[PDB]
Amino acid sequence: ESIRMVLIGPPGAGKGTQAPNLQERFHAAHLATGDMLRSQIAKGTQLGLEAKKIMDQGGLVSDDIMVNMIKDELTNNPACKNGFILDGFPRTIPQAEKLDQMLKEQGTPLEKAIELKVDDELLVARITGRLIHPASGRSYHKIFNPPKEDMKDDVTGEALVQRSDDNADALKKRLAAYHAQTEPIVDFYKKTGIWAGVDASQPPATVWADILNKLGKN
Ligand SMILES: Nc1ncnc2c1ncn2[C@@H]1O[C@H](COP(=O)(O)OP(=O)(O)OP(=O)(O)OP(=O)(O)OP(=O)(O)OC[C@H]2O[C@@H](n3cnc4c(N)ncnc43)[C@H](O)[C@@H]2O)[C@@H](O)[C@H]1O
């Protein structure tokens with residue numbers, strides 16, 4: 001009834017689609033560094049405006065900023081006492097090493113790192129057709145996962161938007177950055193013994209059953 005885990009995958013693999021499932025099943029805090037940055041943007045803060053430029057170019061925000069953000073949420077957020085799902089963090093080796101140290105000092109080490117494996121060619125179609133409900137994070141897909149009431153949140157009525165970093169230009173840079181900087185983290189968790197791989201090219205419900213299976217709960 002408690003999990004401390006990391007969700008790793010390329011842009012469009014299905015992290016934001018699966019994290020609700022995990023958060024419902026294990027009652028864990030969902031810590032998504034992308035959503036945290038996007039809330040800074042919506043508040044119009046200075047960190048938000050600087051991060052927006054970097055995100056829209058397909059680059060990565062500084063390790064120092066990202067490590068500080070997570071450290072404060074782990075320390076000051078009460079829901080993180082029940083367990084947590086890290087989504088989009090760590091994203092570089094330095095972030096992974098600093099997380100390892102943090103958790104060692106708190107005495108709450110990671111149990112699992114789930115890699116969502118899916119080929120790049122599929123990811124373009126997923127990113128191109130995405131619509132998000134900006135007031136929650138709810139992602140839909142024009143073809144693959146439609147709003148029943150078009151361009152509207154099926155369960156909350158409000159309009160869906162396109163993310164500003166979801167275009168072919170930014171996406172090419174986001175994929176290259178994933179392969180260069182993030183994918184090395186997978187070997188880090190293989191060596192520590194907590195890695196499990198999942199076929200993320202399957203449909204959502206199939207991927208969710210695969211994840212439950214890989215976690216050792218079901
Ligand atoms: N730690 C960090 N350090 C540095 N910089 C950081 C950082 N964290 C964040 N940043 C920065 O902030 C930016 C954004 O980060 P972030 O917002 O975390 O984005 P990302 O990692 O690029 O991931 P996505 O949100 O694009 O993908 P997803 O897998 O969650 O997709 P979804 O489930 O919607 O699915 C995609 C689409 O396909 C669909 N779909 C999902 N699953 C399936 C399926 N199985 N079959 C068919 N359709 C499916 C969905 O409906 C949707 O349409 C970064 O690029 C960087 O600038």
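One-based numbering along the sequence shown. Every number for a ligand or one of its atoms is a count from 1 in the order of the listing.
Ligand-side atoms of ligand 1 in range of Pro203: 45 (N), range being under 4.0 angstrom from any heavy atom. Residue contact check: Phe89 has heavy atoms under 4.0 Å from atoms 1 (N) of ligand 1. For ligand 1, the atoms closer than 4.0 angstrom to any heavy atom of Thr17 are 32 (P), 33 (O), 35 (O), 41 (C), 50 (C). Taking every non-hydrogen atom of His141 and a distance limit under 4.0 Å, the qualifying atoms of ligand 1 come out as 51 (O), 53 (O). Ligand 1 places these atoms under 4.0 Å from at least one heavy atom of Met66: 1 (N), 2 (C), 3 (N), 4 (C), 7 (C), 8 (N).
For the side-chain contact (heavy atoms from CB on, under 4.5 Å) test with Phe84, the passing option among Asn77, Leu110, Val6 is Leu110; the others fail.
By the 3.5 Å distance cut-off applied to N or O atoms, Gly14 is counted among the residues near ligand 1. Some N or O of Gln95 is nearer than 3.5 Å to an N or O of ligand 1, by distance alone. For ligand 1, the polar-atom distance check against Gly59 finds a nitrogen or oxygen pair separated by under 3.5 Å. By the 3.5 Å distance cut-off applied to N or O atoms, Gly16 is counted among the residues near ligand 1. The N/O atoms of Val61, backbone and side chain alike, include one that comes under 3.5 Å of an N/O atom in ligand 1. Here's the thing with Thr33: one of its N/O atoms is less than 3.5 angstrom from an N/O atom of ligand 1. Geometrically, ligand 1 and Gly88 share a nitrogen or oxygen pair separated by less than 3.5 Å. Between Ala13 and ligand 1, a contact under 3.5 Å exists for at least one N or O pair. In terms of polar-atom proximity, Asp166 is not counted as a contact of ligand 1, lacking any N or O under 3.5 Å from an N or O of the ligand.
Here atom 31 (O) of ligand 1 lies nearest to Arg130 when heavy atoms of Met36, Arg126, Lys53, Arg130 are compared. Evaluated by nearest non-hydrogen atom to atom 25 (O) of ligand 1, the leading choice among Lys15, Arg163, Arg174 is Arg163. For the residues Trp208, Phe144, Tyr140, the heavy atom positioned nearest atom 53 (O) of ligand 1 is part of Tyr140. The option from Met69, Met55, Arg91, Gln202 that lies nearest to atom 7 (C) of ligand 1, judged by heavy atoms, is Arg91.
A salt bridge is absent between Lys191 and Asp187; no separation between the charged side-chain nitrogens and carboxylate oxygens falls under 4.0 Å.
Protein heavy atom nearest atom 17 (O) of ligand 1, with residue, atom name and distance: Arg38 NH2, 2.9 Å. In terms of protein heavy-atom proximity, atom 27 (O) of ligand 1 is nearest to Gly12 N, 3.1 Å.
The 12-atom threshold is exceeded at NZ of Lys112, counting heavy atoms of other residues, nucleotides or ligands nearer than 6.0 Å.
Distance check on atom 39 (C) of ligand 1: every protein heavy atom falls at or beyond the 4.0 Å cut-off.
Rounded to the nearest 0.5 angstrom, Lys190 NZ and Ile185 CD1 are separated by 13.5 Å.
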key: Audit row: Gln181, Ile93, side chain to side chain contact (heavy atoms under 4.5 Å, CB included) steps and yes/no   = CA-CA 7 Å; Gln181 293 179 80; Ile93 292 288; over 6 Å; no
query = Would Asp199 and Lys117 satisfy salt bridge (charged side-chain N to carboxylate O under 4.0 Å, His left out), going step by step from the backbone distance to the final call?
reply = CA-CA 5 Å; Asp199 187 0; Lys117 306 154 78 57; over 6 Å; no
message = Before you tell me yes or no, could you show the steps for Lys152 and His133 under side chain to side chain contact (heavy atoms under 4.5 Å, CB included), namely the whole-Å CA-CA distance, both residues' side-chain angles and the distance that decides it to 0.1 Å?
response = CA-CA 8 Å; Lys152 295 159 185 169; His133 186 261; over 6 Å; no
key: salt bridge (charged side-chain N to carboxylate O under 4.0 Å, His left out) between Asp169 and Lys173, worked out   = CA-CA 7 Å; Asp169 280 14; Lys173 284 197 235 189; over 6 Å; no
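Residues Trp195 and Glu115 bring a donor and an acceptor atom of their side chains to less than 3.5 Å of each other. Judged purely by distance below 3.5 Å, without hydrogens or angles, the side chains of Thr45 and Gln40 pair a donor atom with an acceptor atom. A donor-acceptor pair shorter than 3.5 Å can be found between the side chains of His179 and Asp120. Under 3.5 Å, the side chains of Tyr140 and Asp153 contain a donor-acceptor pair of N or O atoms. Side-chain atoms of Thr108 and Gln106 include a donor-acceptor pair closer than 3.5 Å.
The shortest distance between side-chain heavy atoms of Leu212 and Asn21 does not fall below 4.5 Å.
Contacts with ligand 1 closer than 4.0 Å are made by side-chain heavy atoms of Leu37 only, the backbone lying farther away. Contacts with ligand 1 closer than 4.0 Å are made by no heavy atom of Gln18, backbone or side chain.
The closest approach between a heavy atom of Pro204 and any atom of ligand 1 is below 4.0 Å.
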